[PDB]
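One-based numbering along the sequence shown. In what follows, every heavy atom counts, from backbone to side chain, and hydrogens, waters and symmetry copies are set aside.
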Amino acid sequence: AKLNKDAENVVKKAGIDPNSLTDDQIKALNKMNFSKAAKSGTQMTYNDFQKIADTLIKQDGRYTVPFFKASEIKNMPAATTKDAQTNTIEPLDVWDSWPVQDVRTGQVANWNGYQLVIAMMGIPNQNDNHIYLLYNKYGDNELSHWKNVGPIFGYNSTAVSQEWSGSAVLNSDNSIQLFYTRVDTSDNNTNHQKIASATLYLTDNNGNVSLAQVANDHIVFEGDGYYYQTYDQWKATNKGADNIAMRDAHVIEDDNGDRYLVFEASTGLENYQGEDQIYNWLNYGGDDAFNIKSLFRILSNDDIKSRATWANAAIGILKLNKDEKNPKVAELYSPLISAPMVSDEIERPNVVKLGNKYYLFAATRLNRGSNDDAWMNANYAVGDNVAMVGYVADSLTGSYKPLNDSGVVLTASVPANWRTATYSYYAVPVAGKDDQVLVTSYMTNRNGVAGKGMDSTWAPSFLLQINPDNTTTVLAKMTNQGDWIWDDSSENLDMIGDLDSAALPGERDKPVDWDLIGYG
Ligand SMILES: OC[C@H]1O[C@](O)(CO)[C@@H](O)[C@@H]1O
Ligand SMILES: [Ca+2]
Ligand SMILES: [Ca+2]
């Protein structure tokens, strides 16, 4: 019935009369740990997440993904191809994709006059998660000119061993070092994820690129238990509320010759998920009134309490050894970003060097966050809850600080079941500029949610201005679908839509897809 002095201090700083509190509220407040020491890097706080959501709800043009003219959007021809699992030619969903990049600068690599992209594809509504190599003439702006070489790990594949996202760069001899996620589903169909690497040797014969050989395929890392959550840790306590993530490895080398992977994971025992996290003041990150209001809200609702108990998404970093073609872990670090209490999924981490700063971007679905009100309000306002977040550091393993106050960079602008819905935003540098990136993404959500034969395809790309004061601004500068290389000739202002033209006829009267957007 009686507050400790720390708790009475914050209550009073908050303008709350201590007498107004219940016995349960006092008990909650007396458990609060007020230590301000950071454990797993810079945190996305409960306050940050709330602000990201508020920004999405405001639909402010500085951050909204631009409207795309829905009438211009088409399936990717190269996504009609021989399927890795059925061995039959099918119209596939294509989603997460990444270009072969220069390991230092991030620029889309020119390989013998070609640009190369690696992409997740599969038959809508099947478990069919494999990666395919794609190519086009360097600088070419036509979606339909892209060509599918085929599944990197071959035909006769199955759902028992899958490939999820990662990254790709050129080695010294112009072979390709692929980083990807090896997913083994033999332990009761669980998505046992592992960061893996292999070397791709290609050949160039009369306008066609072929995959000659996949060499050195091996597991690089799958978690240590202290910095990053292991499969065994997740399996031990999972009753269905805990996410598992060890994926989306992004390779980057700095000017000291050190090569690193920046990847998606969860924290380990360094700062682990648990109900205790609801009682760490550091996680809240607002003023006293906000923090107290937030604590009571979390404890008032079983689903928010549960999400908070299980949330501990991390963007990890490790240093590799020197061996380009057979990378192994040389050193592990604490997470660059973590979201204990706040979110259990932050995806596709990406580092772009611009000038002498390192910009760390990532995609996230706010409905993987603990604050149900915030993301259910996002859904109600826009029909979706996706975002790109961003941070910036002066060195690769340095302290990352959020952009635009809260870390918000892009916010959803259309309902998740529309043709022009986007996700898996991936920023790529622009030749000759240190203050813009080109944002790529996949368009149309998977598995036919936008209707008959509306496959996931490549979005038109758009420019994002990076300002020197750790802010960003979306530009009204757009390409054709599937353009990875911005230049003067790449602009197609005809692809720009507005509120009205972002929908195909009928889409406005279409029912909500609730499994897609979530509901607390
Ligand atoms: O399909 C799995 C892939 O999709 C993502 O969740 C984003 O769409 C990535 O984190 C992962 O590599
Ligand atoms: Ca978790
Ligand atoms: Ca282009």
Side-chain angles (χ1 to χ4, degrees), residues 56 59 61 63-81 90-97 117 119-126 134 141-144 146 348 363 365-367 378-388 410-426 438-462 474 476-484 492-518:
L56 178 160
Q59 295 156 83
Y63 319 106
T64 49
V65 173
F67 292 122
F68 304 104
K69 196 177 285 152
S71 71
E72 302 310 291
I73 302 306
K74 10 161 279 146
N75 294 333
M76 189 181 190
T80 292
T81 194
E90 310 297 339
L92 308 177
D93 277 334
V94 54
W95 59 106
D96 285 52
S97 308
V117 167
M120 288 191 73
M121 308 190 168
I123 294 159
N125 295 119
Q126 306 198 348
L134 280 39
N141 299 330
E142 304 303 324
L143 180 65
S144 61
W146 284 92
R348 296 272 263 142
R365 297 199 180 266
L366 296 179
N367 68 2
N379 286 343
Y380 188 74
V382 172
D384 204 351
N385 56 82
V386 300
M388 194 178 76
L410 301 173
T411 61
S413 50
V414 293
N417 62 338
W418 285 15
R419 186 56 156 143
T420 65
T422 48
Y423 190 64
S424 211
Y425 308 106
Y426 190 81
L438 185 70
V439 180
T440 71
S441 61
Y442 77 84
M443 178 169 275
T444 310
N445 272 298
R446 290 167 60 190
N447 302 316
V449 298
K452 188 198 225 264
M454 301 297 198
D455 304 339
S456 297
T457 185
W458 282 353
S461 302
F462 63 91
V474 170
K477 298 293 233 199
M478 190 173 294
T479 67
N480 289 336
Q481 293 184 247
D483 193 344
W484 296 83
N492 185 357
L493 301 179
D494 192 67
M495 299 297 283
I496 295 163
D498 58 3
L499 179 56
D500 215 69
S501 65
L504 298 170
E507 279 189 315
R508 279 185 153 74
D509 294 329
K510 203 160 60 165
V512 177
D513 189 327
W514 294 101
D515 295 12
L516 182 60
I517 67 170

Checklist entry - Would you say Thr457's side chain and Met443's backbone share a donor-acceptor pair under 3.5 angstrom? => result no

Item to check | Side chain proximity check, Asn75 to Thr80, heavy atoms < 4.5 angstrom | outcome: no

Item to check | Side chains of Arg365 and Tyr423 in contact at under 4.5 Å (non-hydrogen atoms) | outcome: yes

Checklist outcome for this item: Hits for side chain to side chain contact (heavy atoms under 4.5 Å, CB included) against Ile496, two or more places apart or cross-chain, chain-then-number order -> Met478, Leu493

Checklist entry - Are the side chains of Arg508 and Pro415 in touch, meaning some heavy atoms are under 4.5 Å apart? => result no

Checklist entry - Do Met454 and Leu504 come close enough that some side-chain heavy atom pair is under 4.5 Å? => result yes

Item to check | Atom of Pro124, atom of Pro91 and distance for their closest heavy-atom approach | outcome: CD-O, 3.6 Å

Item to check | Check: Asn385 side chain, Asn367 main-chain N or O, donor-acceptor pair, under 3.5 Å | outcome: yes

Item to check | Of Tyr442, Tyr426, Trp484, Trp458, the residue whose pairing with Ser97 passes side chain to side chain donor-acceptor pair (under 3.5 Å) | outcome: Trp458

Checklist entry - Counting distance only, does the side-chain N/O of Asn480 pair as donor-acceptor with the main-chain N or O of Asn141 below 3.5 Å? => result yes

Checklist entry - Strictly by modelled atom types, are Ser461 and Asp483 linked by a side-chain donor-acceptor pair under 3.5 Å? => result no

Checklist outcome for this item: Note: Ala119 and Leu134 closest approach over all heavy atoms is CB-CD2, 4.2 Å

Item to check | Sidechain-backbone polar pair: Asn445 side chain, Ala416 backbone, donor-acceptor under 3.5 Å | outcome: yes

Going by atom type alone, with no hydrogens or angles, which donor-acceptor pairs under 3.5 Å involve a side-chain atom of residues 510-518 and a protein atom two or more places apart or on another chain?
| unit_1 | atom_1 | unit_2 | atom_2 | d |
| --- | --- | --- | --- | --- |
| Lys510 | NZ | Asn417 | O | 2.8 |
| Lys510 | NZ | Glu507 | OE2 | 3.4 |
| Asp513 | OD1 | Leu516 | N | 3.3 |

Checklist entry - For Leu143 and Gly482, which heavy atoms make the closest approach, and how far apart are they? => result CD1-CA, 4.3 Å

Item to check | Main-chain N/O of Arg419 paired to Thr444 side chain as donor or acceptor, under 3.5 Å | outcome: yes

Item to check | Whether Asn447 side chain and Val449 backbone form a donor-acceptor pair below 3.5 Å | outcome: no

Checklist entry - What residues, two or more places apart in sequence or in another chain, satisfy side chain to side chain contact (heavy atoms under 4.5 Å, CB included) together with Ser441? => result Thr422, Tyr425, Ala459

Next on the checklist: Can you tell me if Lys477 has over 12 outside heavy atoms packed within less than 6.0 Å of its NZ?
Outcome noted: no

Next on the checklist: What's the separation between atom NZ in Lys69 and atom CG in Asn492, rounded to the nearest 0.5 Å?
Outcome noted: 8.0 Å

Item to check | From CE (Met121) to OG (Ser456), nearest 0.5 Å | outcome: 10.5 Å

Item to check | Intermediate values then yes/no, side chain to side chain contact (heavy atoms under 4.5 Å, CB included), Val65 and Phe462 | outcome: CA-CA 9 Å; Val65 173; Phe462 63 91; 4.0 Å; yes

Checklist entry - Is there a side chain to side chain contact (heavy atoms under 4.5 Å, CB included) between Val94 and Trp146 once you walk through the steps? => result CA-CA 13 Å; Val94 54; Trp146 284 92; over 6 Å; no

Item to check | Heavy-atom pair with the smallest gap, counting every atom of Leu56 and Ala378 | outcome: CD2-CB, 3.6 Å

Item to check | Euclidean distance, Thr479 OG1 relative to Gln481 CD, rounded to 0.5 Å | outcome: 9.0 Å

Item to check | Gap separating the OG atom of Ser413 from the CG atom of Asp384, nearest 0.5 angstrom | outcome: 9.0 Å

Next on the checklist: The test is side chain to side chain contact (heavy atoms under 4.5 Å, CB included); show your working for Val474 and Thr64 and say whether it passes.
Outcome noted: CA-CA 7 Å; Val474 170; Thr64 49; 6.0 Å; no

Item to check | Spatial distance of atom CZ (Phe67) from atom CG (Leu499) [nearest 0.5 Å] | outcome: 5.0 Å

